[PDB]
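Sequence lines set the chain letters: A, B, ... in the order given, protein chains first and strands last, and positions in each chain run from 1. Note: hydrogens, waters and symmetry copies are ignored here, and every other heavy atom, side chains too, is used.
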Amino acid sequence: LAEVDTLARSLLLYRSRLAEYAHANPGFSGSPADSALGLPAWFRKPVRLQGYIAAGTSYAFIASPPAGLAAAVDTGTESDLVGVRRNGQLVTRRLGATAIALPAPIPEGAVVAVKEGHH
Amino acid sequence: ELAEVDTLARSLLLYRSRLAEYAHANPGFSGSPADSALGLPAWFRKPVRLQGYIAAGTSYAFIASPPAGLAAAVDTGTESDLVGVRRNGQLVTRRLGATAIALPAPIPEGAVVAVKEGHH
Ligand code: NI
Ligand code: NI
C-alpha cells in the first residue's frame, strides 16, 4: 500500500547532503543547487522536495505533502535533543521548552541528552 | 580561565551512544543497564553521576546535578534532529508535541520538515 517510504528516504537522503554542505559552507543560507550538493547522480530530486540552510541548520521539506509522509519521515529518523529537567519539560536553548515524557529517575535540574530509535 | 567539562560532555555523549545502540540490540527494556553491558571502553571509568535510562526504545543519559557550562558544552557536541509538520510558528512532532522554532520563511504552512541542526 504505502511506499511514501521511498519518498521519506529521499527527503532524509536529501537532508543528509544538505547538512554535509553546511559543514563546508559556514555563514550561508540557501538552496545550495543540486550540483554543489553531491547527490548520487542516479537520484532525481522530486521538485517539491526543497531545502534551506539558515544560519546553519538544514531544513528539508515537502510543502503539499502526501498524507502518510509525516509518519514515514518521523519513523526513518531518530530525534536527538539536549537540555535540563524543568519541570517535567525539557529546557533547551535555541529551541524553547519541549514536553517529552521524562522518565521517573531524572531529577529536576539534571543535564539530559535524549535519543530515539527507528523501526 | 577554562574548564574542560567538555571532556565530561564528551563522556556523556559517548555513554549515551552505548545506550542508543544496546537499546536497539535489546528491544523491550527500561534501563537502567550497568556499564558491563553497554560494552564500554577498557579505559573509560564512568563517573557517576553519569546516569542513563531507557524508556520506550529511546534512551537518555544524564548528570543528575550539573557542573557549570555542561548543558552548553553538550548541546554543542550533539547537533540535533527533529521532524514534524509546520503549524504556523511551530513544528508539530507527535511524540514531543509542538516544538516552537525559527522556521525559515520559504518553508510554508503545513510542510513536512526534517531538521538537522548544524551544531555551529
Ligand atoms: Ni565541526
Ligand atoms: Ni533497525
Side-chain angles (χ1 to χ4, degrees), chain A residues 4-5 7-16 18-20 22 51 56-62 65 68-85 88-103 106 110-119, chain B residues 9 12-27 29-31 52-62 71 74-87 90-103 107 111-119:
Chain A
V4 263
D5 287 28
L7 180 59
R9 259 78 175 213
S10 304
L11 194 158
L12 291 181
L13 177 113
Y14 182 75
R15 184 192 70 182
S16 191
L18 263 192
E20 294 177 330
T57 295
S58 316
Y59 297 79
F61 54 103
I62 302 204
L69 183 74
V73 190
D74 191 297
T75 39
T77 42
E78 290 144 338
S79 295
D80 155 337
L81 291 101
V82 171
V84 324
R85 167 100 107 163
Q89 280 198 115
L90 191 67
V91 120
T92 178
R93 44 261 302 293
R94 267 126 254 213
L95 272 65
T98 76
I100 329 182
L102 277 195
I106 146 82
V111 179
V112 192
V114 186
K115 211 202 198 110
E116 309 188 341
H118 43 260
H119 191 159
Chain B
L12 189 143
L13 288 180
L14 181 162
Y15 182 85
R16 188 177 85 171
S17 288
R18 297 305 188 175
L19 298 168
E21 271 171 345
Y22 170 109
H24 181 291
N26 254 246
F29 193 27
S30 285
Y53 202 60
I54 295 167
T58 102
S59 33
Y60 322 60
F62 51 97
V74 163
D75 174 83
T76 340
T78 43
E79 266 209 15
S80 206
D81 176 328
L82 320 149
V83 304
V85 165
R86 178 194 223 264
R87 296 162 45 180
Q90 315 260 82
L91 186 76
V92 67
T93 154
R94 99 288 268 268
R95 272 139 315 92
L96 309 330
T99 73
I101 334 166
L103 275 178
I107 159 79
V112 181
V113 208
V115 185
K116 165 96 129 281
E117 228 207 47
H119 85 168

Worksheet item: Counting N and O atoms only, with roles assigned by atom type, does the side chain of A/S16 sit under 3.5 Å from a partner on the main chain of A/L13, one being a donor and the other an acceptor?
Response: no
Discussion item. On a heavy-atom basis, which atom in B/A98 and which in B/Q90 lie closest, and how many Å separate them?
Written reply: CB-NE2, 3.6 Å
Response to the item:
Taking every heavy atom of A/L81 against every heavy atom of A/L90, the minimum-distance pair comes out as CB-CD2, 4.0 Å
Worksheet item: Just how far is it from atom CZ of B/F29 to atom CG of B/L19, taken to the nearest 0.5 Å?
Response: 9.5 Å
Worksheet item: Taking the side chain as C-beta and beyond, is there a heavy-atom pair between A/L7 and A/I62 under 4.5 Å?
Response: yes
Worksheet item: Around atom CD of B/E21, are there more than 12 heavy atoms of other residues, nucleotides or ligands at under 6.0 Å?
Response: no
Worksheet item: Going by heavy atoms in the side chains, are A/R15 and A/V73 under 4.5 Å from each other?
Response: no
Response to the item:
In terms of heavy-atom contacts, A/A113 and B/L12 come closest through CB-CD2, 3.9 Å
Practice prompt. Using side chain to side chain donor-acceptor pair (under 3.5 Å) as the criterion, list what pairs up with B/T93, not counting sequence neighbours.
Written response: B/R95
Worksheet entry | OG1 on A/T75 to CD on A/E116, rounded to 0.5 Å | 11.0 Å
Worksheet entry | For the student: nearest non-hydrogen atoms of B/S59 and B/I54, plus distance | CB-CG1, 3.6 Å
Fill in: Heavy-atom donor-acceptor pair, B/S80 side chain to A/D80 backbone, under 3.5 Å
yes
Discussion item. Main chain of B/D75, side chain of B/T78: is a donor-acceptor contact present, judged purely on distance under 3.5 Å?
Written reply: yes
Discussion item. So, using side chain to side chain donor-acceptor pair (under 3.5 Å) as the criterion, who are the partners of A/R85 when residues are at least two apart?
Written reply: none
Discussion item. How long is the straight-line distance from NE2 of B/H24 back to NZ of A/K115, given to the nearest 0.5 Å?
Written reply: 12.5 Å
Worksheet item: Looking only at heavy atoms, what is the nearest atom pair of A/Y14 and A/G51, with distance?
Response: OH-N, 3.4 Å
Worksheet entry | Shortest non-hydrogen separation from B/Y60 to A/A101 and the atoms involved | OH-O, 3.8 Å
Discussion item. Is there a side chain to side chain contact (heavy atoms under 4.5 Å, CB included) between B/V115 and A/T57? Walk through the geometry before answering.
Written reply: CA-CA 7 Å; B/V115 185; A/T57 295; 4.0 Å; yes
